[PDB]
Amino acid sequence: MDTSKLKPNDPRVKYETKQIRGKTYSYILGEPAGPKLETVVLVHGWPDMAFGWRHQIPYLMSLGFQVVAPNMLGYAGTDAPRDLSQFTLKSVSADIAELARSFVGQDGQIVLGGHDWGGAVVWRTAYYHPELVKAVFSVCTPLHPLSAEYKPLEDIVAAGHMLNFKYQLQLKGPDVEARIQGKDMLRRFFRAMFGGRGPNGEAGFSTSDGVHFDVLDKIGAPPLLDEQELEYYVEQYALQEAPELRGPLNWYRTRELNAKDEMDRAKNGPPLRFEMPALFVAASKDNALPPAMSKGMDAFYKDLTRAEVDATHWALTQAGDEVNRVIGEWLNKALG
């Protein structure tokens, strides 16, 4: 089979929905070349969608894997509940567990991979559902420990800490949700988020201040999406009810809910400990998720493989071939 990246509306895969824990979940389903060896579930982040795995999906199919890549809660053809408790890592992990078992059966196991917010999801899924997850990998996103405390991000950055996360204040508030509505604004947003620049090279997004709305009308073509890829992101995001970014931005509105879930697990529940094979792929030039942030993470794993790829945040695509071979070689070791 052709292993080149999925194009928009690619015919090598199926596009389906299933009811999952009270929500319509849409996903990409790729069937294996040859006998099915494993099922791989792939979890994207923000502001991405299942199509963000376009380089990995046909590659994994060619190796004999069934691939299920959902549009996560809030995104594209998937429901965007009003209730923020649906957007917690624990609830979305349970969604993933039910969706995965709808393919492999309740007794089955999966390989689970994530990027960005999806990487945070898959570490929690392997923690909440060890019965299900045979092997787990994350691109860019390292492990964070179980939250023992909750402090508003406002106070954290006001104290001079976690300043590379300050854009999340803007994302969780009203401004992006209110201003980025409709296809034409979504297109400008995606030009910014995938590397487009203004007439004098100004960025459309920063980790300090978030989306730079005044740059958006003059932002040029993104280097990390071709024109039809850009338009597919616009079209798919436009499936959401106005305001279209409510669902995706709800992921930044769960800090307190997630903390409450995990302060519990951190006192009664089992410790964070991954006995199954795990892979962490860092990205050299990710300024939100720099490799240095993964420093103390190996102690939580019996069997963690580390890799680094020379790419920005959008490593699945910009370094797609290298990421593919890191994953494929690790799976050779992890599954056999």
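One-based numbering along the sequence shown.
- If you average the C-alpha B-factors over 15-23 and over 319-327, the higher value belongs to 319-327.
- Looking at 259-267 and 99-107 together, the entry lists the larger mean B-factor for 259-267, computed on C-alpha atoms.
- Residue-level inspection of the entry shows that, of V234, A80, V157, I219, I219 has the top Cα B-factor.
- Highest C-alpha temperature factor among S208, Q86, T141, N200, as the PDB entry reports it: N200.
- The deposited CA B-factor of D298 belongs to the highest third of values across its chain.
- Among all modelled residues in its chain, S91 ranks in the middle third by Cα B-factor.
- The PDB entry assigns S62 a C-alpha temperature factor belonging to the middle third of its chain's modelled residues.
- For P35, the recorded CA temperature factor ranks within the highest third of the chain's modelled residues.
- For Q181, the recorded CA temperature factor ranks within the middle third of the chain's modelled residues.
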